[PDB]
>>> print(open('model-v7.txt').read())   # compact mmCIF, C-alpha atoms
# COMPACT_ATOMS: atom_id res chain seq x y z
CA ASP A 1 70.03 58.69 74.49
CA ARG A 2 70.95 60.86 77.44
CA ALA A 3 74.43 60.52 78.76
CA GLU A 4 74.27 58.16 81.81
CA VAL A 5 76.26 56.33 84.51
CA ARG A 6 74.16 53.44 85.76
CA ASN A 7 74.68 50.99 88.56
CA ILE A 8 77.98 52.28 89.73
CA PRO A 9 76.71 53.31 93.21
CA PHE A 10 77.17 57.02 94.10
CA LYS A 11 77.38 56.65 97.91
CA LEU A 12 77.70 58.86 100.92
CA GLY A 13 81.18 60.34 100.94
CA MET A 14 82.03 59.90 97.24
CA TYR A 15 82.41 62.77 94.78
CA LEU A 16 80.99 63.07 91.28
CA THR A 17 82.59 65.53 88.83
CA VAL A 18 81.07 65.83 85.34
CA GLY A 19 82.25 68.09 82.56
CA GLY A 20 80.56 68.99 79.36
CA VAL A 21 79.59 71.57 76.79
CA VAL A 22 76.34 73.56 76.55
CA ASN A 23 74.76 73.55 73.12
CA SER A 24 74.54 76.73 71.10
CA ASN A 25 70.92 77.77 71.23
CA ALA A 26 70.23 75.63 74.27
CA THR A 27 66.84 76.07 75.96
CA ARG A 28 67.81 74.09 79.14
CA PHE A 29 69.66 70.99 80.26
CA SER A 30 69.74 69.12 83.60
CA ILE A 31 71.93 66.86 85.71
CA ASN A 32 69.92 64.23 87.57
CA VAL A 33 70.95 61.93 90.46
CA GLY A 34 68.42 59.18 91.47
CA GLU A 35 67.13 55.68 90.90
CA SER A 36 65.51 55.99 87.40
CA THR A 37 64.28 58.63 84.90
CA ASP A 38 61.11 58.83 87.03
CA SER A 39 62.70 58.74 90.46
CA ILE A 40 65.15 61.61 90.86
CA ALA A 41 66.49 62.74 94.21
CA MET A 42 68.37 65.82 92.85
CA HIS A 43 67.32 67.38 89.52
CA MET A 44 69.42 70.55 88.71
CA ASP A 45 67.97 72.28 85.66
CA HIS A 46 69.94 75.02 83.86
CA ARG A 47 67.41 77.28 82.13
CA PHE A 48 68.74 79.63 79.42
CA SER A 49 65.25 80.29 78.18
CA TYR A 50 62.36 78.22 79.44
CA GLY A 51 58.97 79.87 79.75
CA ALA A 52 59.47 82.94 81.84
CA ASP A 53 62.78 81.62 83.21
CA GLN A 54 65.96 83.05 81.73
CA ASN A 55 69.41 82.27 83.20
CA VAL A 56 68.29 80.57 86.38
CA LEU A 57 69.10 77.29 88.10
CA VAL A 58 66.05 75.30 89.30
CA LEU A 59 66.45 72.39 91.70
CA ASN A 60 63.80 69.80 92.58
CA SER A 61 63.14 66.08 93.20
CA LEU A 62 60.79 63.81 91.26
CA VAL A 63 58.92 61.04 93.05
CA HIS A 64 57.96 57.92 91.15
CA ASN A 65 54.29 57.88 90.08
CA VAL A 66 53.80 61.09 92.04
CA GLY A 67 55.64 63.98 90.26
CA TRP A 68 57.77 67.07 90.99
CA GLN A 69 57.98 68.44 94.47
CA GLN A 70 58.74 72.02 95.69
CA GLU A 71 61.22 73.86 93.41
CA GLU A 72 64.17 75.78 94.79
CA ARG A 73 65.80 78.38 92.59
CA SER A 74 69.18 80.00 92.34
CA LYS A 75 70.24 83.07 90.54
CA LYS A 76 73.88 81.77 90.35
CA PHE A 77 74.38 81.11 86.64
CA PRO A 78 77.99 81.10 85.36
CA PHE A 79 76.99 79.21 82.18
CA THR A 80 77.31 80.25 78.52
CA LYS A 81 75.75 78.58 75.51
CA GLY A 82 78.43 76.93 73.39
CA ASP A 83 80.90 76.72 76.31
CA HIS A 84 82.26 74.19 78.74
CA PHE A 85 81.16 73.66 82.31
CA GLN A 86 82.32 71.51 85.27
CA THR A 87 80.16 70.59 88.34
CA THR A 88 81.06 68.59 91.43
CA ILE A 89 78.44 67.01 93.70
CA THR A 90 78.83 65.25 97.12
CA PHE A 91 76.05 64.63 99.67
CA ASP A 92 75.45 63.44 103.17
CA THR A 93 72.04 62.19 104.41
CA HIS A 94 70.68 65.69 104.78
CA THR A 95 72.21 67.85 102.01
CA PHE A 96 73.46 67.70 98.45
CA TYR A 97 76.51 69.95 98.07
CA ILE A 98 76.98 71.24 94.53
CA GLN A 99 79.96 73.30 93.29
CA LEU A 100 79.74 75.22 90.02
CA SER A 101 82.48 76.02 87.40
CA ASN A 102 83.41 79.35 88.99
CA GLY A 103 83.61 78.02 92.61
CA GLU A 104 80.13 79.16 93.72
CA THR A 105 78.11 76.56 95.58
CA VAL A 106 74.41 75.64 95.91
CA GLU A 107 73.02 73.26 98.50
CA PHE A 108 69.76 71.33 98.18
CA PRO A 109 68.10 69.04 100.81
CA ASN A 110 68.40 65.30 100.46
CA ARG A 111 64.58 65.03 100.90
CA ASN A 112 64.43 61.22 101.03
CA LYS A 113 67.53 60.78 103.31
CA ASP A 114 68.99 58.39 100.74
CA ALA A 115 72.54 57.09 101.13
CA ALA A 116 73.34 55.79 97.62
CA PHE A 117 72.10 56.46 94.05
CA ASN A 118 72.32 54.15 91.11
CA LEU A 119 71.67 56.52 88.20
CA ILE A 120 73.35 59.77 87.15
CA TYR A 121 72.28 61.30 83.86
CA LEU A 122 72.32 64.45 81.82
CA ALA A 123 69.32 65.35 79.62
CA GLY A 124 68.42 68.30 77.41
CA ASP A 125 70.65 70.66 75.43
CA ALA A 126 74.17 69.74 76.43
CA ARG A 127 76.63 66.85 76.27
CA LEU A 128 79.13 65.38 78.74
CA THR A 129 82.78 65.04 77.91
CA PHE A 130 84.25 63.45 81.08
CA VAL A 131 83.15 61.98 84.43
CA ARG A 132 84.92 61.02 87.67
CA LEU A 133 82.91 59.10 90.31
CA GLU A 134 85.07 58.02 93.21
CA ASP B 1 71.40 45.68 85.00
CA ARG B 2 75.08 45.69 84.15
CA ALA B 3 77.07 48.62 85.33
CA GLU B 4 77.39 51.05 82.35
CA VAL B 5 78.69 54.44 81.15
CA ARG B 6 76.75 55.42 78.05
CA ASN B 7 77.11 58.29 75.66
CA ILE B 8 80.01 59.94 77.32
CA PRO B 9 82.42 59.44 74.35
CA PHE B 10 85.62 57.47 75.13
CA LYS B 11 87.88 59.01 72.46
CA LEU B 12 91.39 58.61 71.20
CA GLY B 13 93.76 59.91 73.84
CA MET B 14 91.45 59.65 76.88
CA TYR B 15 91.92 57.19 79.73
CA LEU B 16 89.33 54.99 81.40
CA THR B 17 90.03 53.62 84.90
CA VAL B 18 87.40 51.35 86.50
CA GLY B 19 87.59 49.74 89.89
CA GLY B 20 85.48 47.04 91.37
CA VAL B 21 85.16 43.85 93.35
CA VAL B 22 85.05 40.26 92.05
CA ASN B 23 82.23 38.19 93.47
CA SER B 24 82.95 35.25 95.72
CA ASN B 25 82.29 32.19 93.64
CA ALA B 26 82.54 34.11 90.39
CA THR B 27 82.57 32.08 87.18
CA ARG B 28 83.66 35.04 84.93
CA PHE B 29 83.06 38.73 84.39
CA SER B 30 83.99 41.07 81.51
CA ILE B 31 84.71 44.71 80.72
CA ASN B 32 83.36 45.75 77.32
CA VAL B 33 84.08 48.88 75.24
CA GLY B 34 81.91 49.40 72.08
CA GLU B 35 78.72 50.78 70.61
CA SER B 36 76.05 48.44 72.15
CA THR B 37 75.72 45.05 73.93
CA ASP B 38 75.96 43.46 70.46
CA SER B 39 78.71 45.61 69.02
CA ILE B 40 81.83 45.38 71.16
CA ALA B 41 85.24 46.51 69.98
CA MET B 42 87.16 45.23 73.07
CA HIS B 43 85.65 42.46 75.24
CA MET B 44 88.06 41.43 78.11
CA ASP B 45 86.69 38.36 79.87
CA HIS B 46 88.14 37.23 83.23
CA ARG B 47 87.53 33.49 83.53
CA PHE B 48 87.88 31.93 87.00
CA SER B 49 86.15 28.80 85.85
CA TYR B 50 84.44 28.69 82.49
CA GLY B 51 84.38 25.41 80.61
CA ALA B 52 87.94 24.26 80.38
CA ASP B 53 89.26 27.77 81.12
CA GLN B 54 90.51 28.45 84.63
CA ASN B 55 92.30 31.70 85.55
CA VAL B 56 92.76 33.09 82.06
CA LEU B 57 92.00 36.40 80.37
CA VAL B 58 90.25 36.11 76.98
CA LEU B 59 90.01 39.10 74.64
CA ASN B 60 87.81 39.39 71.55
CA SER B 61 85.48 41.69 69.57
CA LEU B 62 81.81 41.11 68.76
CA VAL B 63 80.38 42.31 65.47
CA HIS B 64 76.73 43.25 65.26
CA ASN B 65 74.57 40.53 63.67
CA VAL B 66 77.75 38.59 62.93
CA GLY B 67 79.25 37.29 66.24
CA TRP B 68 82.60 36.80 68.02
CA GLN B 69 85.81 37.04 66.09
CA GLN B 70 89.26 35.45 66.79
CA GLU B 71 90.00 35.15 70.55
CA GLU B 72 93.32 36.19 72.03
CA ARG B 73 94.28 34.83 75.41
CA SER B 74 96.53 35.87 78.23
CA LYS B 75 97.83 33.92 81.11
CA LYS B 76 98.30 37.16 83.17
CA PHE B 77 95.69 36.83 85.93
CA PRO B 78 96.30 38.83 89.13
CA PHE B 79 92.62 38.51 90.17
CA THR B 80 91.11 36.91 93.29
CA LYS B 81 87.46 36.11 93.92
CA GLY B 82 86.09 38.38 96.64
CA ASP B 83 88.79 41.03 96.08
CA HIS B 84 89.20 44.40 94.45
CA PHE B 85 90.69 45.12 91.06
CA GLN B 86 91.61 48.26 89.06
CA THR B 87 92.10 48.39 85.23
CA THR B 88 93.10 51.29 83.00
CA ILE B 89 92.47 51.32 79.25
CA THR B 90 93.64 53.82 76.54
CA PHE B 91 93.75 53.18 72.77
CA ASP B 92 94.96 54.66 69.55
CA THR B 93 93.58 53.64 66.12
CA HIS B 94 95.59 50.45 66.05
CA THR B 95 95.85 49.14 69.64
CA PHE B 96 93.99 48.99 72.92
CA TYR B 97 96.44 49.35 75.81
CA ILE B 98 95.22 47.71 79.01
CA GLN B 99 96.97 47.89 82.40
CA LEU B 100 96.07 45.43 85.16
CA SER B 101 96.01 45.91 89.01
CA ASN B 102 99.60 44.72 89.47
CA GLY B 103 101.10 46.86 86.64
CA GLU B 104 101.18 44.11 83.98
CA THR B 105 99.86 45.12 80.59
CA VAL B 106 97.99 43.41 77.72
CA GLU B 107 97.52 44.90 74.27
CA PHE B 108 94.75 43.97 71.84
CA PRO B 109 94.25 45.24 68.23
CA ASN B 110 91.67 47.90 67.54
CA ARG B 111 90.26 45.70 64.72
CA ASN B 112 87.76 48.25 63.37
CA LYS B 113 90.16 51.29 63.60
CA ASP B 114 87.52 53.12 65.63
CA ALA B 115 88.31 56.48 67.22
CA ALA B 116 85.52 56.84 69.83
CA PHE B 117 83.20 54.48 71.77
CA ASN B 118 79.89 55.32 73.30
CA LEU B 119 79.35 52.39 75.67
CA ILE B 120 81.50 50.95 78.46
CA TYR B 121 79.98 48.20 80.58
CA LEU B 122 80.79 45.45 83.00
CA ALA B 123 78.79 42.18 82.92
CA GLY B 124 78.98 38.89 84.81
CA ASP B 125 80.16 38.16 88.34
CA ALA B 126 81.58 41.41 89.60
CA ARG B 127 80.54 44.97 90.41
CA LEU B 128 82.13 48.38 89.80
CA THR B 129 82.82 50.78 92.62
CA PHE B 130 84.37 53.80 90.82
CA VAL B 131 85.11 55.10 87.30
CA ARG B 132 87.23 57.91 85.84
CA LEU B 133 86.85 58.69 82.11
CA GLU B 134 88.84 61.74 81.10
>>> encode(input="model-v7.txt", output="structure tokens")
Amino acid sequence: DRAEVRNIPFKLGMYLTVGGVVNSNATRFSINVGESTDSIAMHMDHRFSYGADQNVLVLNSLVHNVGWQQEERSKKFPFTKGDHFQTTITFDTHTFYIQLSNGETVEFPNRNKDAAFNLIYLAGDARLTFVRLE
Amino acid sequence: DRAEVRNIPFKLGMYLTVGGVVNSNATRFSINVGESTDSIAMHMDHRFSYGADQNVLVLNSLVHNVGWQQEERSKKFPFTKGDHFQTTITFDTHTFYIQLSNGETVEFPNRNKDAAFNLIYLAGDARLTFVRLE
């Protein structure tokens, strides 16, 4: 299905590094940190071509039985279809700190003030090749 | 459910290190590398008290719609209920190479000559706290 790491708690102070490859002809893919596929505290979507969006990062949270919240966008997009990427995420109770392949960073509020997450998954047009959660 | 890493391919030449904690009053827990919960190429069961087995490692494979194969056992058991453990696994097409917390090793045949595995999970009376697959 999607690539996932489930029930190995990602807690305050730990770091998550995932690596993978973007598909040729990818439309978009995302990395998701939350509780379930319908309860996502940090959704980071990588849009190569999606609607009017081309080469933009879109960040949001998804609340169970409620839906997507306010989107934040970033123009930082060091991603190429067919190539590798590496992303590192840490968080405290206020902020998710994300670091991209080229060293650039994006920050996104921890809207629920959560301290641990039991599901990490990738969905869409990419695949993961390694993971470190420690 | 169980703690699992799914669809991040564990291929020939990569290393998997998992860490965790054994429950107090644990009966047994296992680490499983395979294709599904019914197709397991390397099952490593840690038996504190299970039937007549007390403080023994039992290794086996499970074949889909067929069942467990020939068990191999090891008397190497540096595990304590309530405490941490760390295990590293690598494999080539003939052998799974396992290294325990204290440096001891156990080897188990790669019976199917498989080169990649899409599911790693822990089941039973323990929990995982970190994972590196790279």
>>> interface_residues(input="model-v7.txt", of="chain B", to="chain A", cutoff="6 Å", atoms="all atoms listed in the file", output="list in words")
residues 3, 4, 5, 6, 7, 8, 128, 129, 130, 131, 132, 133 and 134 of chain B
>>> residues_around(input="model-v7.txt", residues="segment 76-89 of chain B", least_positions_apart="3", cutoff="8 Å", atoms="all atoms listed in the file", output="short mmCIF file (atom, residue, chain, number, x, y, z; two decimals) with C-alpha atoms, in the coordinates of the input")
data_model
loop_
_atom_site.label_atom_id
_atom_site.label_comp_id
_atom_site.auth_asym_id
_atom_site.auth_seq_id
_atom_site.Cartn_x
_atom_site.Cartn_y
_atom_site.Cartn_z
CA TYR B 15 91.92 57.19 79.73
CA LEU B 16 89.33 54.99 81.40
CA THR B 17 90.03 53.62 84.90
CA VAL B 18 87.40 51.35 86.50
CA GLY B 19 87.59 49.74 89.89
CA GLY B 20 85.48 47.04 91.37
CA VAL B 21 85.16 43.85 93.35
CA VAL B 22 85.05 40.26 92.05
CA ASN B 23 82.23 38.19 93.47
CA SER B 24 82.95 35.25 95.72
CA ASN B 25 82.29 32.19 93.64
CA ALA B 26 82.54 34.11 90.39
CA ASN B 55 92.30 31.70 85.55
CA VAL B 56 92.76 33.09 82.06
CA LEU B 57 92.00 36.40 80.37
CA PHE B 96 93.99 48.99 72.92
CA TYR B 97 96.44 49.35 75.81
CA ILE B 98 95.22 47.71 79.01
CA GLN B 99 96.97 47.89 82.40
CA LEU B 100 96.07 45.43 85.16
CA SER B 101 96.01 45.91 89.01
CA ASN B 102 99.60 44.72 89.47
CA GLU B 104 101.18 44.11 83.98
#
>>> calpha_fit_and_write(input="model-v7.txt", fixed="chain A", moving="chain B", output="short mmCIF file (atom, residue, chain, number, x, y, z; two decimals) with C-alpha atoms, in the frame of the given file")
data_model
loop_
_atom_site.label_atom_id
_atom_site.label_comp_id
_atom_site.auth_asym_id
_atom_site.auth_seq_id
_atom_site.Cartn_x
_atom_site.Cartn_y
_atom_site.Cartn_z
CA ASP B 1 70.03 58.69 74.49
CA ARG B 2 70.96 60.86 77.44
CA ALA B 3 74.43 60.52 78.76
CA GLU B 4 74.27 58.16 81.81
CA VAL B 5 76.26 56.33 84.51
CA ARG B 6 74.16 53.44 85.77
CA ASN B 7 74.68 50.99 88.56
CA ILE B 8 77.98 52.27 89.73
CA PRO B 9 76.71 53.31 93.22
CA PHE B 10 77.17 57.02 94.11
CA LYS B 11 77.38 56.65 97.91
CA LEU B 12 77.70 58.86 100.92
CA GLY B 13 81.18 60.34 100.95
CA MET B 14 82.03 59.91 97.24
CA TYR B 15 82.41 62.77 94.78
CA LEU B 16 80.99 63.07 91.28
CA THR B 17 82.59 65.53 88.83
CA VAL B 18 81.07 65.83 85.33
CA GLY B 19 82.24 68.09 82.56
CA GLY B 20 80.56 68.99 79.36
CA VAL B 21 79.59 71.57 76.78
CA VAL B 22 76.34 73.57 76.55
CA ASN B 23 74.76 73.55 73.12
CA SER B 24 74.54 76.73 71.10
CA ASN B 25 70.93 77.76 71.23
CA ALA B 26 70.22 75.63 74.27
CA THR B 27 66.85 76.07 75.96
CA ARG B 28 67.80 74.08 79.14
CA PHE B 29 69.66 70.99 80.25
CA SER B 30 69.74 69.13 83.59
CA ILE B 31 71.93 66.86 85.71
CA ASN B 32 69.92 64.23 87.58
CA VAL B 33 70.95 61.93 90.46
CA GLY B 34 68.42 59.18 91.47
CA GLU B 35 67.13 55.68 90.90
CA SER B 36 65.51 55.99 87.40
CA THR B 37 64.27 58.64 84.90
CA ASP B 38 61.11 58.84 87.04
CA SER B 39 62.70 58.75 90.46
CA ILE B 40 65.14 61.61 90.86
CA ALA B 41 66.49 62.74 94.21
CA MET B 42 68.37 65.82 92.86
CA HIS B 43 67.32 67.38 89.52
CA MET B 44 69.43 70.54 88.71
CA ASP B 45 67.97 72.28 85.66
CA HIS B 46 69.94 75.03 83.86
CA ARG B 47 67.42 77.28 82.13
CA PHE B 48 68.74 79.63 79.42
CA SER B 49 65.25 80.29 78.19
CA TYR B 50 62.36 78.22 79.45
CA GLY B 51 58.97 79.86 79.75
CA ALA B 52 59.47 82.94 81.84
CA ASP B 53 62.78 81.63 83.21
CA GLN B 54 65.96 83.05 81.73
CA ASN B 55 69.41 82.28 83.20
CA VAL B 56 68.29 80.57 86.38
CA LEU B 57 69.10 77.29 88.10
CA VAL B 58 66.05 75.30 89.30
CA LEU B 59 66.45 72.39 91.71
CA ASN B 60 63.80 69.80 92.58
CA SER B 61 63.14 66.08 93.20
CA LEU B 62 60.78 63.81 91.26
CA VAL B 63 58.91 61.04 93.04
CA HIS B 64 57.96 57.92 91.15
CA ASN B 65 54.29 57.88 90.08
CA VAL B 66 53.80 61.09 92.05
CA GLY B 67 55.64 63.98 90.26
CA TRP B 68 57.77 67.07 90.99
CA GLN B 69 57.97 68.44 94.47
CA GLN B 70 58.73 72.03 95.69
CA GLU B 71 61.22 73.86 93.41
CA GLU B 72 64.17 75.79 94.79
CA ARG B 73 65.80 78.37 92.59
CA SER B 74 69.18 80.00 92.34
CA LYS B 75 70.24 83.07 90.54
CA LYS B 76 73.88 81.78 90.36
CA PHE B 77 74.38 81.11 86.64
CA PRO B 78 77.99 81.11 85.36
CA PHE B 79 76.98 79.21 82.18
CA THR B 80 77.32 80.25 78.52
CA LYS B 81 75.74 78.57 75.51
CA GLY B 82 78.44 76.93 73.39
CA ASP B 83 80.90 76.73 76.31
CA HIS B 84 82.25 74.19 78.74
CA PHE B 85 81.16 73.66 82.31
CA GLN B 86 82.32 71.51 85.27
CA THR B 87 80.16 70.59 88.33
CA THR B 88 81.06 68.58 91.43
CA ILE B 89 78.44 67.02 93.70
CA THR B 90 78.83 65.25 97.12
CA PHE B 91 76.05 64.63 99.67
CA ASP B 92 75.45 63.44 103.17
CA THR B 93 72.05 62.19 104.41
CA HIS B 94 70.69 65.69 104.78
CA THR B 95 72.21 67.85 102.01
CA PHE B 96 73.47 67.71 98.45
CA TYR B 97 76.51 69.95 98.07
CA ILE B 98 76.99 71.24 94.53
CA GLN B 99 79.96 73.30 93.29
CA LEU B 100 79.73 75.22 90.02
CA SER B 101 82.48 76.02 87.40
CA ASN B 102 83.41 79.35 89.00
CA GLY B 103 83.61 78.02 92.61
CA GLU B 104 80.13 79.15 93.71
CA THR B 105 78.12 76.56 95.58
CA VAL B 106 74.42 75.63 95.91
CA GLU B 107 73.02 73.26 98.51
CA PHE B 108 69.76 71.33 98.18
CA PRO B 109 68.10 69.04 100.81
CA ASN B 110 68.40 65.30 100.46
CA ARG B 111 64.59 65.02 100.89
CA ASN B 112 64.43 61.21 101.03
CA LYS B 113 67.53 60.78 103.31
CA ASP B 114 68.99 58.39 100.74
CA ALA B 115 72.54 57.09 101.13
CA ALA B 116 73.34 55.78 97.61
CA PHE B 117 72.09 56.46 94.05
CA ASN B 118 72.31 54.15 91.11
CA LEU B 119 71.67 56.52 88.20
CA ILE B 120 73.35 59.78 87.15
CA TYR B 121 72.28 61.30 83.85
CA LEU B 122 72.32 64.45 81.82
CA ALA B 123 69.32 65.35 79.62
CA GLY B 124 68.42 68.31 77.40
CA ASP B 125 70.66 70.65 75.43
CA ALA B 126 74.17 69.74 76.43
CA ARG B 127 76.63 66.85 76.26
CA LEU B 128 79.12 65.38 78.74
CA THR B 129 82.78 65.04 77.90
CA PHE B 130 84.25 63.45 81.08
CA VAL B 131 83.16 61.98 84.44
CA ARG B 132 84.92 61.01 87.67
CA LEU B 133 82.91 59.10 90.31
CA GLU B 134 85.07 58.02 93.22
#
>>> residues_around(input="model-v7.txt", residues="segment 27-29 of chain B", least_positions_apart="6", cutoff="10 Å", atoms="only C-alpha atoms", output="list in words")
residues 44, 45, 46, 47, 48, 49, 50, 51, 53, 54, 55, 56, 57, 81, 122, 123, 124, 125, 126 and 127 of chain B
>>> residues_near_point(input="model-v7.txt", point="(58.3, 62.0, 93.2)", cutoff="10 Å", atoms="only C-alpha atoms", output="CSV table (one decimal) with C-alpha atoms, in the coordinates of the input")
chain,number,residue,atom,x,y,z
A,38,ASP,CA,61.1,58.8,87.0
A,39,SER,CA,62.7,58.7,90.5
A,40,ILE,CA,65.2,61.6,90.9
A,41,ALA,CA,66.5,62.7,94.2
A,60,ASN,CA,63.8,69.8,92.6
A,61,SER,CA,63.1,66.1,93.2
A,62,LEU,CA,60.8,63.8,91.3
A,63,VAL,CA,58.9,61.0,93.0
A,64,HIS,CA,58.0,57.9,91.2
A,65,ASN,CA,54.3,57.9,90.1
A,66,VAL,CA,53.8,61.1,92.0
A,67,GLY,CA,55.6,64.0,90.3
A,68,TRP,CA,57.8,67.1,91.0
A,69,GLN,CA,58.0,68.4,94.5
A,112,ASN,CA,64.4,61.2,101.0
>>> atom_distance(input="model-v7.txt", atom1="atom CA of residue 109 of chain A", atom2="atom CA of residue 94 of chain A")
5.8 Å
>>> residues_near_point(input="model-v7.txt", point="(95.8, 56.1, 67.1)", cutoff="9 Å", atoms="only C-alpha atoms", output="ChimeraX atom specification")
/B:12-13,91-95,113-115
>>> atom_distance(input="model-v7.txt", atom1="atom CA of residue 36 of chain B", atom2="atom CA of residue 75 of chain B")
27.7 Å
>>> atom_distance(input="model-v7.txt", atom1="atom CA of residue 108 of chain B", atom2="atom CA of residue 70 of chain B")
11.3 Å
>>> axis_aligned_box(input="model-v7.txt", around="segment 104-120 of chain A", padding_each_side="5 Å", output="JSON")
{"center_x": 72.3, "center_y": 66.7, "center_z": 95.2, "size_x": 25.7, "size_y": 35.0, "size_z": 26.2}
>>> decode(input="model-v7.txt", residues="segment 109-122 of chain A", atoms="N, CA and C atoms", output="CSV table (one decimal), in the first residue's frame")
chain,number,residue,atom,x,y,z
A,109,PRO,N,3.3,24.9,12.3
A,109,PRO,CA,2.8,24.7,13.7
A,109,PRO,C,2.3,23.3,14.0
A,110,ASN,N,2.6,22.9,15.2
A,110,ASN,CA,2.0,21.6,15.7
A,110,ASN,C,0.7,22.1,16.3
A,111,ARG,N,-0.4,22.1,15.5
A,111,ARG,CA,-1.7,22.7,15.8
A,111,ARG,C,-2.4,22.1,16.9
A,112,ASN,N,-2.2,20.8,17.2
A,112,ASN,CA,-2.9,20.0,18.2
A,112,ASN,C,-2.0,20.0,19.5
A,113,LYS,N,-0.8,20.5,19.5
A,113,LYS,CA,0.1,20.4,20.7
A,113,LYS,C,0.4,18.9,21.1
A,114,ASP,N,0.5,18.0,20.1
A,114,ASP,CA,0.7,16.6,20.3
A,114,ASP,C,2.2,16.3,20.7
A,115,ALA,N,2.4,15.3,21.5
A,115,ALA,CA,3.8,15.0,21.9
A,115,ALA,C,4.3,13.7,21.3
A,116,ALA,N,3.5,12.9,20.7
A,116,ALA,CA,3.9,11.6,20.1
A,116,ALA,C,3.0,11.3,18.9
A,117,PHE,N,3.5,10.5,17.9
A,117,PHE,CA,2.7,10.2,16.8
A,117,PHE,C,3.0,8.7,16.5
A,118,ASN,N,2.0,8.0,16.2
A,118,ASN,CA,2.1,6.6,16.0
A,118,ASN,C,2.0,6.2,14.5
A,119,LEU,N,2.0,7.1,13.5
A,119,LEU,CA,1.9,6.6,12.1
A,119,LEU,C,2.7,7.6,11.3
A,120,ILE,N,3.6,7.1,10.5
A,120,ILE,CA,4.3,7.9,9.5
A,120,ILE,C,4.1,7.3,8.2
A,121,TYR,N,3.6,7.9,7.1
A,121,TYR,CA,3.5,7.2,5.9
A,121,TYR,C,3.7,8.2,4.7
A,122,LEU,N,4.1,7.6,3.6
A,122,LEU,CA,4.3,8.3,2.4
A,122,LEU,C,3.2,7.8,1.5
